[PDB]
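Encoded as structure tokens, the structure appears first; notes follow it.
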Amino acid sequence: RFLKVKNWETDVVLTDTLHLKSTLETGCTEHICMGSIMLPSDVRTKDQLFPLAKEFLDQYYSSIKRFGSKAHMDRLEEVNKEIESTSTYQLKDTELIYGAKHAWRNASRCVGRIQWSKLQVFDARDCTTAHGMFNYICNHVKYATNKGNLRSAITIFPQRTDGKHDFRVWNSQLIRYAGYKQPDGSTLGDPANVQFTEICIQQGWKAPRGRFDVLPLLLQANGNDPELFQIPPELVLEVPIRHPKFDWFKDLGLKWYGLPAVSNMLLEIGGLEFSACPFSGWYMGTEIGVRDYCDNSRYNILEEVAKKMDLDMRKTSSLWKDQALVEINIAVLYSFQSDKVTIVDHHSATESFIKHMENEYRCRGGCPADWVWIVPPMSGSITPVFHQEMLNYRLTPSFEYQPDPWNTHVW
Amino acid sequence: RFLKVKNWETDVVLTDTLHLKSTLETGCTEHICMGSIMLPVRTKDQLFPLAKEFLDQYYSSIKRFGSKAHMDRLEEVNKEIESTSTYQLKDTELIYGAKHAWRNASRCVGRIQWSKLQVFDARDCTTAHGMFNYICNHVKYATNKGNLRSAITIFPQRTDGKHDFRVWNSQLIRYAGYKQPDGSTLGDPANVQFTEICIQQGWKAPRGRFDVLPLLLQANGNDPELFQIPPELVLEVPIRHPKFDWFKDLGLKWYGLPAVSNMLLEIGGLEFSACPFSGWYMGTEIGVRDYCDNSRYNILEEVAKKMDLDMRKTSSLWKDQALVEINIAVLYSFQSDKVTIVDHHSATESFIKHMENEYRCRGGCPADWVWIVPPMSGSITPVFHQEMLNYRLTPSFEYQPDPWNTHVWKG
Ligand code: HEM
Ligand code: HEM
Ligand SMILES: Cc1cc(N)nc2cc(-c3ccc(OCC4CC4)c(CN)c3)ccc12
Ligand SMILES: Cc1cc(N)nc2cc(-c3ccc(OCC4CC4)c(CN)c3)ccc12
Ligand SMILES: C[C@H](O)[C@H](O)[C@H]1CNc2nc(N)[nH]c(=O)c2N1
Ligand SMILES: C[C@H](O)[C@H](O)[C@H]1CNc2nc(N)[nH]c(=O)c2N1
Ligand SMILES: [Zn+2]
């Protein structure tokens with residue numbers, strides 16, 4: 001019941017007690033493990049909301065060494081009253097900041113959580129319109145980008161009320177490149193965003209129909225029809241991709257944006273649901289070069305890079321894909337570092353995460369971790385997380401998946 | 001009840017009903033996933049339901065369910081268990097059992113070959129010399145002068161747990177490892193503990209870097225005995241690189257035949273504690289794990305030095321670079337010597353084909369994503385984007401504790 005995890009590279013063994021505080025459900029049973037399913041998983045009644053708040057306020061007041069104190073009981077009863085009356089409640093700013101930091105701390109699929117307590121929380125709960133959302137999101141981007149010295153940030157828009165007044169950022173990330181299907185066959189730009197790039201045009205966007213066109217923001221306030229806004233290009237920091245050894249690399253004409261900013265997730269704190277909460281940090285190199293460039297359903301430039309390297313692409317056993325994959329990821333890290341844009345390689349981030357596990361087992365009793373997502377998508381076994389046993393479980397506050405709004409919005 | 005898995009690269013969706021026939025437990029619960037945990041004397045009381053389930057399976061597969069042959073076989077085993085507290089498998093049952101243990105091995109990426117298993121019945125064996133003879137013939141047959149063939153040799157099943165047959169080697173062919181007084185290791189660090197046992201048992205250790213270990217074989221619960229595999233039976237491949245002429249000078253070689261010998265074969269509640277099985281290598285087993293794991297031969301540094309890489313900062317990806325070169329060399333060397341080997345791209349593609357076929361004709365294929373995905377270049381292989389369900393089916397290969405930890409020494 002006090003589970004142990006072993007690192008098989010170092011024989012270090014940590015004891016996990018945090019999992020016994022786990023609330024939600026993983027998707028697995030004693031007969032079937034679903035740990036490789038991408039997604040297991042419209043208002044809260046007054047009865048379910050009350051214990052969710054108590055649990056959250058219990059852990060908040062414990063974290064500041066005031067469990068069972070004046071302020072604790074008072075806040076407990078004050079929230080209790082507010083729920084009985086209004087059917088919901090409002091977080092104090094301190095609770096909001098704690099809640100968001102701990103949603104990140106609890107994100108079992110996130111390798112970058114060593115930074116969890118340094119989150120800059122932007123309270124956008126007074127926002128009322130998509131123009132206002134646009135303003136908050138522009139200020140978020142500017143602050144997070146910081147001329148390339150990237151800083152972690154979240155911007156939290158008004159919480160769900162009755163599911164009819166939802167704030168939503170329709171983009172999956174604040175900054176993404178357009179993808180257009182060609183009349184002949186293949187896809188121009190980013191194929192992962194073809195449907196979204198379509199809903200934009202299909203909503204009025206004038207697409208430059210280039211390869212790396214930054215998509216417009218499609219912002220939904222208080223449940224109304226979403227509105228298009230173009231992020232000021234001077235706010236979108238991009239990095240041209242060159243290789244430190246191969247001069248022809250620059251000629252491929254590739255670039256990527258510096259700010260990874262996920263905007264389609266739901267932030268749950270003390271039972272309250274924040275359907276619009278774009279958060280951002282900085283990239284791990286493999287997220288751009290392994291996945292964005294080399295996935296078959298993405299930019300798929302592997303074949304091209306290998307032809308330019310004069311590699312034998314006739315049999316898989318030459319490992320030409322593997323060789324080109326490494327070069328591409330050397331270039332991405334070289335480019336970002338040359339332009340002084342924050343980035344981390346997968347060796348550094350996974351080493352950081354092992355230290356973070358060390359810290360969480362020591363000062364907290366464990367750290368929920370999803371091995372399938374923590375291990376980087378290349379060179380997996382030469383990174384220290386590969387040989388690290390991890391326990392995955394769901395702690396709240398948390399970031400959760402939510403349906404794409406166009407499947408849901410009574411347009 | 002049906003369960004669905006989705007390939008996020010092809011959008012292919014498969015339906016799993018086979019998990020309903022699942023007996024044992026996974027280690028997971030509704031509130032915790034143990035999917036990355038490495039490791040998560042039987043009485044008549046519980047034996048006959050396990051026999052009956054196996055025989056029902058066996059007779060279904062031969063389209064004789066409910067037949068008089070089926071019913072008589074059930075009665076026969078029933079009477080044999082009542083009277084002897086165990087039972088013997090017919091030859092046909094043993095062969096079916098061993099193939100299905102492999103077919104059910106959720107961590108095995110090579111299962112497309114499962115129906116082509118050569119089963120060697122060694123249940124008439126009685127002494128360690130007899131085990132040496134059977135194992136020698138296994139190695140000769142499986143090796144087949146480099147045209148490798150899958151095989152398994154099955155020694156007598158457990159009776160009271162006090163008369164076990166065991167192969168103390170983790171694999172039939174493995175290289176010795178010697179801890180030096182200065183803390184360094186000569187040979188394979190993975191085998192230091194077993195090398196020491198062998199030396200203590202009387203092995204004259206040549207103390208080189210690539211010494212094939214002796215067999216340490218235990219018949220009928222007696223003390224184990226040492227045997228030297230005839231070196232002409234041990235096929236080996238010098239490692240060279242097709243472009244780098246200095247690679248041969250590293251002095252690396254590896255053996256052709258992966259033959260795992262420390263696992264337990266479970267068939268109808270019978271336990272075959274000595275059942276060495278062999279196939280052929282996926283390149284990464286040698287070139288990623290055996291050579292580049294920090295706790296193994298760990299030749300990344302010298303390969304990187306001789307490539308004259310920037311080893312100062314990890315963000316140069318010098319480790320990823322040297323890992324690919326080593327894996328090219330392993331594949332090149334085996335193919336040049338006409339020793340069967342499969343690269344990870346071909347092996348993973350075949351597994352997807354196998355897995356789809358198994359869903360179509362069997363209702364499922366239990367599969368352990370954490371183990372199926374190769375330890376390098378993960379996301380550019382098709383299994384990375386493949387959702388999988390993990391569950392335990394019997395017949396099965398189980399882990400068992402090393403025998404030196406449990407053996408009662410006769411002396
Ligand atoms: C600061 C540097 C950060 C790095 C290097 C990083 C890295 C990653 C990576 C590599 C993944 C796997 C996803 C994929 O491979 O596509 C991930 C997942 C995730 N990240 Fe982080 N991240 C960072 C910051 C943050 C921040 C600031 C937040 C929120 C405040 C966050 C929340 C999440 C969540 C919620 C997930 C997974 C969603 C889930 O659990 O289902 N990350 N991160
Ligand atoms: C013939 C070509 C084969 C290939 C290429 C292959 C490949 C692999 C690999 C890469 C693993 C993961 C282990 C590791 O990474 O160290 C594995 C696991 C395993 N393989 Fe295979 N294998 C083959 C044949 C066989 C055969 C013939 C058997 C038994 C008759 C077998 C039974 C297993 C078992 C029991 C496991 C552990 C599975 C578990 O615990 O669920 N394999 N295999
Ligand atoms: C702040 C941040 C920085 C970073 N460097 N990386 C990040 C990656 C994700 C993330 C989480 C889930 C996810 O996908 C899961 C979806 C259910 C399928 C994706 C990929 N869109 C990205 C979220 C935040 C990230
Ligand atoms: C026939 C065969 C061929 C091959 N090409 N590869 C194989 C790899 C394994 C295997 C299974 C488990 C395992 O490790 C399990 C850990 C104790 C829990 C290892 C690591 N040596 C290898 C077993 C058989 C293999
Ligand atoms: C900690 C982790 O579960 C452990 O290192 C596993 C991960 N996946 C693996 N996958 C394969 N194929 N082989 C292994 O040895 C391992 N080791
Ligand atoms: C099927 C599989 O679970 C899916 O492709 C996952 C695997 N692991 C991953 N891991 C990370 N970090 N990011 C991903 O998108 C995925 N995709
Ligand atoms: Zn699980």
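Going through the structure tokens in order, the chains are called A, B, and so on, while each chain numbers its residues from 1 and the ligands are numbered from 1 in the order shown.
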List every residue of chain B that has an atom at most 8 Å from any atom of ligand 5, giving for each one its closest atom pair and the distance in Å to one decimal, counting only C-alpha atoms and all ligand atoms, sorted by chain and then by ascending residue number, as CSV.
residue,atom,partner,partner_atom_place_in_ligand_line,distance
B:35,CA,ligand 5,3 (O),7.4
B:36,CA,ligand 5,3 (O),4.0
B:37,CA,ligand 5,3 (O),5.1
B:38,CA,ligand 5,3 (O),4.8
B:107,CA,ligand 5,12 (N),7.1
B:108,CA,ligand 5,12 (N),8.0
B:285,CA,ligand 5,12 (N),7.9
B:289,CA,ligand 5,15 (O),7.9
B:370,CA,ligand 5,8 (N),4.8
B:371,CA,ligand 5,10 (N),3.4
B:372,CA,ligand 5,12 (N),5.7
B:373,CA,ligand 5,12 (N),6.6
B:374,CA,ligand 5,12 (N),6.1
B:375,CA,ligand 5,12 (N),6.6
Hey, could you make a per-residue contact list for segment 189-221 of chain A against segment 387-404 of chain A with 12 Å as the cut-off, showing the nearest pair of atoms and its distance in Å to one decimal, counting only C-alpha atoms, sorted by chain and number, as a Markdown table?
| residue | atom | partner | partner_atom | distance |
| --- | --- | --- | --- | --- |
| A:195 | CA | A:404 | CA | 11.2 |
| A:196 | CA | A:404 | CA | 10.0 |
| A:199 | CA | A:404 | CA | 11.8 |
Next, dump the selected residues to file, keeping only N, CA, C and O atoms, as a PDB file, in the first residue's frame.
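Generated file (result.pdb):
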ATOM      1  N   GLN A 195      -8.166  20.891 -40.121  1.00  0.00           N
ATOM      2  CA  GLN A 195      -9.554  21.187 -39.782  1.00  0.00           C
ATOM      3  C   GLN A 195      -9.681  22.560 -39.138  1.00  0.00           C
ATOM      4  O   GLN A 195     -10.590  23.327 -39.471  1.00  0.00           O
ATOM      5  N   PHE A 196      -8.779  22.897 -38.214  1.00  0.00           N
ATOM      6  CA  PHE A 196      -8.870  24.203 -37.574  1.00  0.00           C
ATOM      7  C   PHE A 196      -8.587  25.318 -38.571  1.00  0.00           C
ATOM      8  O   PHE A 196      -9.294  26.330 -38.600  1.00  0.00           O
ATOM      9  N   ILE A 199     -11.850  25.766 -40.269  1.00  0.00           N
ATOM     10  CA  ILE A 199     -12.858  26.490 -39.498  1.00  0.00           C
ATOM     11  C   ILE A 199     -12.548  27.983 -39.421  1.00  0.00           C
ATOM     12  O   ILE A 199     -13.462  28.793 -39.242  1.00  0.00           O
TER      13      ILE A 199
END
Sorted per-residue table, chain B near ligand 2, closest atoms and distance, 6 Å, only C-alpha atoms and all ligand atoms, as a tab-separated table:
residue	atom	partner	partner_atom_place_in_ligand_line	distance
B:102	CA	ligand 2	29 (C)	4.6
B:105	CA	ligand 2	41 (O)	4.1
B:106	CA	ligand 2	41 (O)	4.3
B:107	CA	ligand 2	38 (C)	4.0
B:108	CA	ligand 2	18 (C)	3.7
B:109	CA	ligand 2	7 (C)	5.1
B:110	CA	ligand 2	4 (C)	4.0
B:150	CA	ligand 2	27 (C)	4.9
B:152	CA	ligand 2	30 (C)	5.9
B:277	CA	ligand 2	30 (C)	5.1
B:278	CA	ligand 2	27 (C)	5.0
B:279	CA	ligand 2	1 (C)	3.7
B:280	CA	ligand 2	2 (C)	4.6
B:281	CA	ligand 2	5 (C)	5.0
B:282	CA	ligand 2	5 (C)	4.8
B:371	CA	ligand 2	12 (C)	5.8
B:397	CA	ligand 2	35 (C)	5.0
Could you take the residues named above and write them with N, CA and C atoms, as an mmCIF file, in the first residue's frame?
data_model
loop_
_atom_site.group_PDB
_atom_site.id
_atom_site.type_symbol
_atom_site.label_atom_id
_atom_site.label_comp_id
_atom_site.auth_asym_id
_atom_site.auth_seq_id
_atom_site.Cartn_x
_atom_site.Cartn_y
_atom_site.Cartn_z
ATOM 1 N N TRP B 102 4.123 -17.785 -25.980
ATOM 2 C CA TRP B 102 4.767 -16.745 -26.767
ATOM 3 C C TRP B 102 3.719 -15.822 -27.379
ATOM 4 N N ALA B 105 2.724 -13.172 -24.939
ATOM 5 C CA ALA B 105 3.780 -12.410 -24.275
ATOM 6 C C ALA B 105 3.626 -10.931 -24.631
ATOM 7 N N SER B 106 2.956 -10.143 -23.775
ATOM 8 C CA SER B 106 2.579 -8.788 -24.201
ATOM 9 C C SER B 106 3.789 -7.876 -24.418
ATOM 10 N N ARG B 107 4.950 -8.182 -23.824
ATOM 11 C CA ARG B 107 6.111 -7.321 -24.054
ATOM 12 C C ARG B 107 6.929 -7.706 -25.289
ATOM 13 N N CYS B 108 6.512 -8.708 -26.058
ATOM 14 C CA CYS B 108 7.314 -9.241 -27.156
ATOM 15 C C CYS B 108 6.887 -8.633 -28.484
ATOM 16 N N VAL B 109 7.818 -7.943 -29.142
ATOM 17 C CA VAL B 109 7.502 -7.295 -30.410
ATOM 18 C C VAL B 109 7.619 -8.265 -31.576
ATOM 19 N N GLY B 110 8.286 -9.391 -31.374
ATOM 20 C CA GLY B 110 8.490 -10.347 -32.430
ATOM 21 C C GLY B 110 7.416 -11.402 -32.562
ATOM 22 N N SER B 150 13.492 -20.073 -34.463
ATOM 23 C CA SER B 150 12.914 -20.009 -33.125
ATOM 24 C C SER B 150 12.784 -21.402 -32.526
ATOM 25 N N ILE B 152 12.354 -23.629 -28.472
ATOM 26 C CA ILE B 152 12.217 -23.700 -27.026
ATOM 27 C C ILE B 152 12.450 -25.154 -26.625
ATOM 28 N N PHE B 277 14.195 -20.442 -24.352
ATOM 29 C CA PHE B 277 13.661 -20.181 -25.680
ATOM 30 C C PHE B 277 14.518 -19.137 -26.385
ATOM 31 N N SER B 278 14.517 -19.195 -27.715
ATOM 32 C CA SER B 278 15.451 -18.421 -28.517
ATOM 33 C C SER B 278 14.768 -17.973 -29.788
ATOM 34 N N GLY B 279 15.207 -16.826 -30.302
ATOM 35 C CA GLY B 279 14.779 -16.410 -31.613
ATOM 36 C C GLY B 279 15.942 -15.794 -32.352
ATOM 37 N N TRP B 280 15.791 -14.517 -32.708
ATOM 38 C CA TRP B 280 16.860 -13.745 -33.304
ATOM 39 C C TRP B 280 16.742 -12.309 -32.796
ATOM 40 N N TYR B 281 17.815 -11.550 -32.958
ATOM 41 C CA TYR B 281 17.911 -10.254 -32.305
ATOM 42 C C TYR B 281 17.231 -9.165 -33.119
ATOM 43 N N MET B 282 16.609 -8.223 -32.408
ATOM 44 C CA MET B 282 16.407 -6.887 -32.949
ATOM 45 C C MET B 282 17.673 -6.087 -32.661
ATOM 46 N N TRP B 371 7.113 -1.607 -23.398
ATOM 47 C CA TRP B 371 8.153 -2.523 -23.843
ATOM 48 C C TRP B 371 8.198 -2.678 -25.353
ATOM 49 N N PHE B 397 4.484 -16.905 -20.156
ATOM 50 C CA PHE B 397 5.840 -16.885 -19.626
ATOM 51 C C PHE B 397 5.854 -15.960 -18.419
#
Contacts of segment 133-140 of chain A within 10 Å, only C-alpha atoms, excl. fewer than 4 positions in-chain, as number ranges by chain: A: 120-124, 126-129, 144-146, 152-157, 167-169, 174, 217-221, 227-232, 235-236, 261, 276-280
Residues of chain B within 6 Å of chain A, only C-alpha atoms counted, as a PyMOL selection string: chain B and resi 25-26+28-34+36-37+315+343+375-379+387-391
Nearby polymer residues, ligand 1, at most 7 Å, only C-alpha atoms and all ligand atoms, as a PyMOL selection string: chain A and resi 100-101+104+107-113+115-116+119+152-154+279-284+287+344+349+373-374+399-401
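Atom to atom, atom 1 (Zn, counted along the ligand's line) of ligand 7 and atom CA of residue 400 of chain B stand 21.7 Å apart.
For residue 249 of chain A, the set of protein, DNA and RNA residues having any atom at most 9 Å away, when counting only C-alpha atoms and skipping those fewer than 5 positions along the same chain, is residues 241, 242, 243, 244, 254, 305, 308, 328 and 331 of chain A.
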Which residues of chain B sit at most 12 Å from ligand 3, using only C-alpha atoms and all ligand atoms? Give each one's shortest atom pair and distance in Å (one decimal place), in chain and ascending residue order, as a Markdown table.
| residue | atom | partner | partner_atom_place_in_ligand_line | distance |
| --- | --- | --- | --- | --- |
| B:6 | CA | ligand 3 | 18 (C) | 12.0 |
| B:8 | CA | ligand 3 | 18 (C) | 9.4 |
| B:385 | CA | ligand 3 | 18 (C) | 11.1 |
| B:387 | CA | ligand 3 | 18 (C) | 11.9 |
All residues 9 Å or closer to segment 269-273 of chain A, only C-alpha atoms, same chain fewer than 4 positions away omitted, as number ranges by chain: A: 44, 48-57, 88-91, 95-96, 99-100, 103, 158-161, 396-398
Per-residue DSSP, segment 176-346 of chain B, filtered to strand (DSSP E or B), as an NGL selection string: :B and (177-179 or 185-187 or 212 or 215-218 or 225-227 or 236-238 or 253-255 or 259-260 or 264-267 or 270-272 or 277-278 or 281-282 or 341-342)
Members of segment 259-402 of chain A assigned helix (DSSP H, G or I) by DSSP, as a count of residues only: 65
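With atom CA of residue 306 of chain A on one side and atom CA of residue 332 of chain A on the other, the separation reads 16.2 Å.
Residues surrounding residue 301 of chain B within 12 Å are residues 250, 291, 292, 293, 294, 297, 298, 299, 303, 304, 305, 306, 307, 308, 309, 310, 311, 312, 318, 319, 320, 321, 322, 323 and 326 of chain B [only C-alpha atoms; sequence separation below 2 positions excluded].
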Dump of C-alpha atoms for the selected residues, as a JSON list (two decimals), in the first residue's frame:
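Okay, this is what ended up in again.json:
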[["chain", "number", "residue", "atom", "x", "y", "z"],
["B", 250, "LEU", "CA", 37.07, -1.06, -30.66],
["B", 291, "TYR", "CA", 26.39, -1.40, -25.77],
["B", 292, "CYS", "CA", 25.14, 2.06, -24.75],
["B", 293, "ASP", "CA", 23.18, 1.60, -21.51],
["B", 294, "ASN", "CA", 25.28, 3.34, -18.86],
["B", 297, "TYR", "CA", 29.29, -1.87, -22.00],
["B", 298, "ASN", "CA", 28.81, 1.91, -22.21],
["B", 299, "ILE", "CA", 30.88, 2.51, -25.32],
["B", 303, "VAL", "CA", 32.53, 5.95, -30.13],
["B", 304, "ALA", "CA", 31.77, 9.66, -29.70],
["B", 305, "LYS", "CA", 35.45, 10.50, -29.17],
["B", 306, "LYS", "CA", 36.54, 8.65, -32.31],
["B", 307, "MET", "CA", 33.77, 10.48, -34.20],
["B", 308, "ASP", "CA", 35.25, 13.75, -32.84],
["B", 309, "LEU", "CA", 31.93, 15.06, -31.58],
["B", 310, "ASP", "CA", 31.26, 18.04, -29.33],
["B", 311, "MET", "CA", 30.98, 16.12, -26.05],
["B", 312, "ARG", "CA", 31.07, 19.26, -23.89],
["B", 318, "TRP", "CA", 26.58, 13.57, -29.42],
["B", 319, "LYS", "CA", 25.03, 10.68, -27.50],
["B", 320, "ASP", "CA", 22.17, 10.36, -29.99],
["B", 321, "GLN", "CA", 24.70, 10.58, -32.83],
["B", 322, "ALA", "CA", 26.98, 7.82, -31.52],
["B", 323, "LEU", "CA", 23.97, 5.66, -30.66],
["B", 326, "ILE", "CA", 26.61, 1.90, -33.18]]
Residues near residue 77 of chain B, cut-off 7 Å, only C-alpha atoms, skip fewer than 4 positions along chain, as a list in words: residues 73, 81 and 87 of chain B
Emit the selected residues as a short mmCIF file (atom, residue, chain, number, x, y, z; two decimals), in the first residue's frame, including N, CA, C and O atoms.
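Below you can see again03.cif, which holds the result:
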data_model
loop_
_atom_site.label_atom_id
_atom_site.label_comp_id
_atom_site.auth_asym_id
_atom_site.auth_seq_id
_atom_site.Cartn_x
_atom_site.Cartn_y
_atom_site.Cartn_z
N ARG B 73 -10.53 -36.52 -22.27
CA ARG B 73 -9.30 -35.89 -21.81
C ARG B 73 -9.52 -35.15 -20.49
O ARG B 73 -8.69 -35.24 -19.58
N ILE B 81 -5.26 -35.87 -11.55
CA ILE B 81 -5.06 -34.89 -10.49
C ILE B 81 -5.56 -35.44 -9.16
O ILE B 81 -4.89 -35.33 -8.13
N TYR B 87 -0.65 -33.52 -13.34
CA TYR B 87 -0.94 -34.28 -14.54
C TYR B 87 0.10 -33.96 -15.60
O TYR B 87 0.85 -32.99 -15.48
#
